[PDB]
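Notes for the one structure printed next.
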Amino acid sequence: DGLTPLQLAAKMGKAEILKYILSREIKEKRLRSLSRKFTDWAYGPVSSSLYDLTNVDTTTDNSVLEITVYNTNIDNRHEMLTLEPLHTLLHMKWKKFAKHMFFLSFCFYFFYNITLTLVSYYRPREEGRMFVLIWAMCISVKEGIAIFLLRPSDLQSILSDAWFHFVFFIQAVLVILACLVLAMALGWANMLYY
Amino acid sequence: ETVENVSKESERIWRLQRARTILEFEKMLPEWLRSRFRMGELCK
Amino acid sequence: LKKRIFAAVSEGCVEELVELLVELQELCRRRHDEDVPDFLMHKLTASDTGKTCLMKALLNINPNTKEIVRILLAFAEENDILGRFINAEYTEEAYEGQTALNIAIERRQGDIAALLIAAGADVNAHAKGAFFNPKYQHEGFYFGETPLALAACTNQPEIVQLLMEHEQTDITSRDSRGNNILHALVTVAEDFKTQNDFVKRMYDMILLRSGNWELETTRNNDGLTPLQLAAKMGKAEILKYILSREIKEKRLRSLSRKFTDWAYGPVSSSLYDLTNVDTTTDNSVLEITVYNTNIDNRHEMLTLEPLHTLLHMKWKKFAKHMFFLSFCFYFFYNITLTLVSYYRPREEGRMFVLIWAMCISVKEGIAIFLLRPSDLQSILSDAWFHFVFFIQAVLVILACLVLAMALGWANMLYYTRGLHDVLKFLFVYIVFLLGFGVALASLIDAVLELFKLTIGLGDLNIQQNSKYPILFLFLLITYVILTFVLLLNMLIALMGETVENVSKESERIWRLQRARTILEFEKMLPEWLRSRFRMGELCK
């Protein structure tokens, strides 16, 4: 299952070698064509480290992109698996990607998601809602099959869990299927987003 | 022992939990979208 | 030859450099259809970048490169090209004119810098580029060329002293965006994290060689005076030395602020002459500390920065002069009028009170333009009166229930001048109450009155409106679940770390918050009102 050393060591959450595998500042000559850290940018008080990395990072074969996200093991990784901050590991992508996509995922859209759920709940027959369920079913479709990654069964300790999985998986089926289950799905998802 | 858990419940766990969920956003785009070519970033 | 020299210089090879010299000698011997001081066939770069001669040894610092750089200059010395090579400057938006100055600045190469000016002191020239005329701080700093300042900017007075010892130094030239060498160290102020006295010695050493006050002669950009420029960014370390400057001995000390010649004795009367400027015309310390607007980890953690004349002088008298009567001699009517105005129903000194209220709305309404603020910034220093009174004047002149909210919000603020942790907490309950309420309370005007977690009304099952039998019975179990986390929510926050914040919430913050607001009183009077001529006050 991807016997590359970058992922194979990260598959089991091997912390000690993970720190050396990424932050590899090889020096001197006749070598250092390998490794990831290689600083030749004049240094100075203004440091511009050239963590060349190379290998593969967040493309095609899984190396560090989702291996840390979906280690699924105990994975007492770097910094007690606190996203393993090692140069390019967390200080690179999260310094920019957090404010690029994830920032608008829960903020630019959930304001309608929360309002629609309240509006949908506050819709009695007295005896953008359609667009909201478009992404909701997509997440149900996406994470519904994303469980097949590795061999997980349910919530595992407090390392990393996907609470959206259970609430939205029953959400889409029950709404299309009285129909009091729309409320429990609404609240359980509502707390998770916050 | 309520004081010990609360002071050590979010801590580093929130940083990994949020980053991993955000890291899944890279799986919803094709190879055309390319950012941060290489070499990492700069420091102090 | 040039490629051979570049390869030898880039790799630090010494013998290969001599081989390139022989090739260069042959080309010069042959008829080149030019003179000796020709273009040299672009020996360093063909109008591409810099890194000329010994500049390669700078970025390739090696034990062999020290002798090679000297040898290259030595060969260039007896070649009638030393001046041209020393004066070589780049022509790129990134590198332009740095020459051996910035090369010897980013790397602590004292001997290379020393021998650079010896062959030619062309490093004294300016520097412009991406890191020589930089921008938002991600590629360089504000050295403004000035190799004497660059060594000082590199926390190297020893190299800085040697350069300043030479003549022709542009110590009187601000250069670049415009700030002199004394103004330069403010850009390299830093904190005590990595330098406790490294930046202090440079400012003292330069002033020591600064015979006159010309060192503190700058008013470029936004008041480039060193008293305000250093205080603009809240540079604590230099702020303590800038004010409490007890210069002694002779042939000096005409500058500085502290100068005690009042017989001393057990009854101290310190003559903190200050001079310069203090609370008049140009902003020096009057409102700079009050409106730093930055993080400004200033003196005493920016606790109004008590440094002799800084706080012990004005606040010892001005607090009881004007601010004492501002909130006491008038607010007794302000509070009474607001209650009276609120207690004025149509049943279907008030005019004078709004005179100052609109004035504050007019005053602080435009006072926001000072620096570049947007809203409340952390807990350093805020103007709560701004929002409450700005809407107060407009809404009252514009039903009219907004007069009450303005009354209460201002009323609390005045007593405050005589909660961030809870602010996060109250949002959590409010967010959760909306979610939990929408889950079942709205599922089965508002009905959020059930949030009386402390006491109040009980449960009485769930019967408020449309109590027909529905699946809300199962939601009551979830209601217990919601109740369970609400109990844990307050328990975790209230009992978690409440003791630490309260013991360190007012502390020094009240001293700076009150003094800054009082310090604004000096801006409401003309130059006729003059107090505390100079010299500070006396001591024990």
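Letters A, B, ... go to the chains of the structure tokens in the order shown; residues in each chain start at 1; ligands are counted from 1 in the same order.
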Pull out every residue of chain A sitting within 10 Å of chain B, counting only C-alpha atoms, and send them as a PyMOL selection string. chain A and resi 36-39+41+43-54+57-60+65-70+79-85+87-103+105+142+158-162
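Residues of chain C having any atom within 12 Å of chain B, counting only C-alpha atoms, are residues 137, 138, 139, 140, 141, 190, 488, 489, 490, 491, 492, 493, 494, 495, 496, 497 and 498 of chain C.
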So how far away is CA of residue 12 in chain A from CA of residue 156 in chain A, in Å? 15.1 Å
Kindly provide, as a PDB file with N, CA, C and O atoms, in the first residue's frame, the residues of chain C having any atom no farther than 8 Å from an atom of chain A, counting only C-alpha atoms.
```pdb
ATOM      1  N   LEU C  59      28.838  35.855  -0.720  1.00  0.00           N
ATOM      2  CA  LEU C  59      27.798  34.836  -0.713  1.00  0.00           C
ATOM      3  C   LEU C  59      28.367  33.425  -0.685  1.00  0.00           C
ATOM      4  O   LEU C  59      27.611  32.473  -0.464  1.00  0.00           O
ATOM      5  N   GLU C 106      24.323  41.441   5.120  1.00  0.00           N
ATOM      6  CA  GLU C 106      23.523  40.270   5.458  1.00  0.00           C
ATOM      7  C   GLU C 106      24.360  39.162   6.079  1.00  0.00           C
ATOM      8  O   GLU C 106      23.810  38.303   6.776  1.00  0.00           O
ATOM      9  N   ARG C 107      25.668  39.165   5.846  1.00  0.00           N
ATOM     10  CA  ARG C 107      26.582  38.201   6.437  1.00  0.00           C
ATOM     11  C   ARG C 107      27.632  38.950   7.241  1.00  0.00           C
ATOM     12  O   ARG C 107      28.187  39.946   6.767  1.00  0.00           O
ATOM     13  N   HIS C 138       9.015  41.258   4.220  1.00  0.00           N
ATOM     14  CA  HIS C 138       9.198  39.845   3.927  1.00  0.00           C
ATOM     15  C   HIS C 138      10.478  39.541   3.158  1.00  0.00           C
ATOM     16  O   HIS C 138      10.728  38.369   2.864  1.00  0.00           O
ATOM     17  N   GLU C 139      11.286  40.546   2.810  1.00  0.00           N
ATOM     18  CA  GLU C 139      12.511  40.304   2.054  1.00  0.00           C
ATOM     19  C   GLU C 139      13.721  41.096   2.529  1.00  0.00           C
ATOM     20  O   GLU C 139      14.833  40.785   2.091  1.00  0.00           O
ATOM     21  N   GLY C 140      13.562  42.099   3.388  1.00  0.00           N
ATOM     22  CA  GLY C 140      14.684  42.906   3.831  1.00  0.00           C
ATOM     23  C   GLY C 140      14.327  43.805   4.997  1.00  0.00           C
ATOM     24  O   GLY C 140      13.388  43.511   5.742  1.00  0.00           O
ATOM     25  N   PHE C 432     -25.171  28.119  20.864  1.00  0.00           N
ATOM     26  CA  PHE C 432     -25.776  26.831  21.175  1.00  0.00           C
ATOM     27  C   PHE C 432     -27.268  26.973  21.442  1.00  0.00           C
ATOM     28  O   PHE C 432     -28.055  26.123  21.009  1.00  0.00           O
ATOM     29  N   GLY C 435     -28.990  27.084  18.243  1.00  0.00           N
ATOM     30  CA  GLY C 435     -29.017  25.754  17.656  1.00  0.00           C
ATOM     31  C   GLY C 435     -29.940  24.810  18.401  1.00  0.00           C
ATOM     32  O   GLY C 435     -30.777  24.133  17.796  1.00  0.00           O
ATOM     33  N   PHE C 436     -29.809  24.756  19.727  1.00  0.00           N
ATOM     34  CA  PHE C 436     -30.662  23.872  20.512  1.00  0.00           C
ATOM     35  C   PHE C 436     -32.118  24.302  20.424  1.00  0.00           C
ATOM     36  O   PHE C 436     -33.020  23.460  20.345  1.00  0.00           O
ATOM     37  N   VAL C 438     -33.584  25.981  17.891  1.00  0.00           N
ATOM     38  CA  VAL C 438     -34.077  25.642  16.561  1.00  0.00           C
ATOM     39  C   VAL C 438     -34.279  24.143  16.434  1.00  0.00           C
ATOM     40  O   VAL C 438     -35.109  23.684  15.639  1.00  0.00           O
ATOM     41  N   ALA C 439     -33.530  23.357  17.207  1.00  0.00           N
ATOM     42  CA  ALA C 439     -33.651  21.907  17.124  1.00  0.00           C
ATOM     43  C   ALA C 439     -35.018  21.441  17.606  1.00  0.00           C
ATOM     44  O   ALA C 439     -35.705  20.678  16.917  1.00  0.00           O
ATOM     45  N   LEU C 440     -35.428  21.887  18.778  1.00  0.00           N
ATOM     46  CA  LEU C 440     -36.685  21.400  19.333  1.00  0.00           C
ATOM     47  C   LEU C 440     -37.622  22.511  19.773  1.00  0.00           C
ATOM     48  O   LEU C 440     -38.834  22.389  19.577  1.00  0.00           O
ATOM     49  N   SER C 442     -38.203  25.565  18.666  1.00  0.00           N
ATOM     50  CA  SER C 442     -38.976  26.034  17.527  1.00  0.00           C
ATOM     51  C   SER C 442     -39.685  24.897  16.805  1.00  0.00           C
ATOM     52  O   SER C 442     -40.730  25.129  16.187  1.00  0.00           O
ATOM     53  N   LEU C 443     -39.144  23.678  16.877  1.00  0.00           N
ATOM     54  CA  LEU C 443     -39.754  22.555  16.174  1.00  0.00           C
ATOM     55  C   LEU C 443     -41.141  22.247  16.718  1.00  0.00           C
ATOM     56  O   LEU C 443     -42.081  22.014  15.949  1.00  0.00           O
ATOM     57  N   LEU C 471     -43.355  14.033  17.567  1.00  0.00           N
ATOM     58  CA  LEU C 471     -42.110  13.365  17.936  1.00  0.00           C
ATOM     59  C   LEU C 471     -41.227  14.206  18.843  1.00  0.00           C
ATOM     60  O   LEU C 471     -40.065  13.834  19.054  1.00  0.00           O
ATOM     61  N   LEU C 475     -37.192  14.469  21.456  1.00  0.00           N
ATOM     62  CA  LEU C 475     -36.358  15.660  21.554  1.00  0.00           C
ATOM     63  C   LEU C 475     -36.142  16.092  22.997  1.00  0.00           C
ATOM     64  O   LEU C 475     -35.147  16.766  23.286  1.00  0.00           O
TER      65      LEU C 475
END
```
Using DSSP on the backbone coordinates, identify the residues of chain B assigned to alpha helix (DSSP H); present them as an NGL selection string. :B and (2-6 or 11-23)
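Minimum distance to residue 136 in chain A across A:113, A:63, A:153, A:7 (counting only C-alpha atoms) occurs at A:113.
Going from CA of residue 429 in chain C to CA of residue 476 in chain C covers 18.6 Å.
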By how many Å are CA of residue 19 in chain C and CA of residue 30 in chain A apart? 25.2 Å
Neighbour list for range 302-318 of chain C as number ranges by chain, cut-off 6 Å, only C-alpha atoms, skip fewer than 3 positions in-chain: C: 297-299, 321, 508, 512, 536
Excluding residue 141 in chain A and residues on its chain fewer than 6 positions from it, collect all residues at most 12 Å away from it, counting only C-alpha atoms, and give them as a short mmCIF file (atom, residue, chain, number, x, y, z; two decimals) with N, CA, C and O atoms, in the first residue's frame.
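Now in out39.cif:
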```cif
data_model
loop_
_atom_site.label_atom_id
_atom_site.label_comp_id
_atom_site.auth_asym_id
_atom_site.auth_seq_id
_atom_site.Cartn_x
_atom_site.Cartn_y
_atom_site.Cartn_z
N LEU A 133 -29.29 21.23 0.03
CA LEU A 133 -29.14 19.78 0.05
C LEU A 133 -28.24 19.27 -1.07
O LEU A 133 -27.86 18.10 -1.04
N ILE A 134 -27.90 20.12 -2.04
CA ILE A 134 -27.03 19.69 -3.13
C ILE A 134 -25.64 19.35 -2.61
O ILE A 134 -25.08 18.29 -2.92
N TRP A 135 -25.07 20.24 -1.80
CA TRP A 135 -23.78 19.95 -1.19
C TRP A 135 -23.92 18.96 -0.04
O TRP A 135 -23.00 18.16 0.20
N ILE A 147 -15.13 6.48 3.93
CA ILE A 147 -14.89 5.57 5.05
C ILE A 147 -14.06 4.37 4.62
O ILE A 147 -13.35 3.78 5.44
N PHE A 164 -19.41 14.57 10.82
CA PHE A 164 -20.35 14.86 9.74
C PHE A 164 -20.83 13.58 9.06
O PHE A 164 -21.89 13.58 8.42
N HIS A 165 -20.07 12.49 9.19
CA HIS A 165 -20.38 11.28 8.44
C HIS A 165 -21.73 10.71 8.84
O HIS A 165 -22.59 10.47 7.99
N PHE A 166 -21.95 10.51 10.14
CA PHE A 166 -23.17 9.85 10.58
C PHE A 166 -24.39 10.75 10.39
O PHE A 166 -25.44 10.28 9.94
N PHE A 168 -25.02 13.33 8.34
CA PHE A 168 -25.47 13.62 6.99
C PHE A 168 -25.82 12.36 6.21
O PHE A 168 -26.63 12.42 5.28
N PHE A 169 -25.22 11.22 6.57
CA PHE A 169 -25.54 9.98 5.87
C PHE A 169 -27.01 9.60 6.05
O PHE A 169 -27.68 9.21 5.10
N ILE A 170 -27.52 9.73 7.28
CA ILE A 170 -28.94 9.49 7.51
C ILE A 170 -29.78 10.69 7.10
O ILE A 170 -30.99 10.54 6.91
N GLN A 171 -29.17 11.86 6.96
CA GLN A 171 -29.93 13.06 6.61
C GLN A 171 -30.56 12.92 5.23
O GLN A 171 -31.78 13.09 5.07
N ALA A 172 -29.75 12.60 4.22
CA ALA A 172 -30.25 12.57 2.86
C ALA A 172 -31.31 11.49 2.67
O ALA A 172 -32.34 11.72 2.02
N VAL A 173 -31.08 10.30 3.23
CA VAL A 173 -32.00 9.19 3.01
C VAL A 173 -33.33 9.45 3.71
O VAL A 173 -34.40 9.22 3.13
#
```
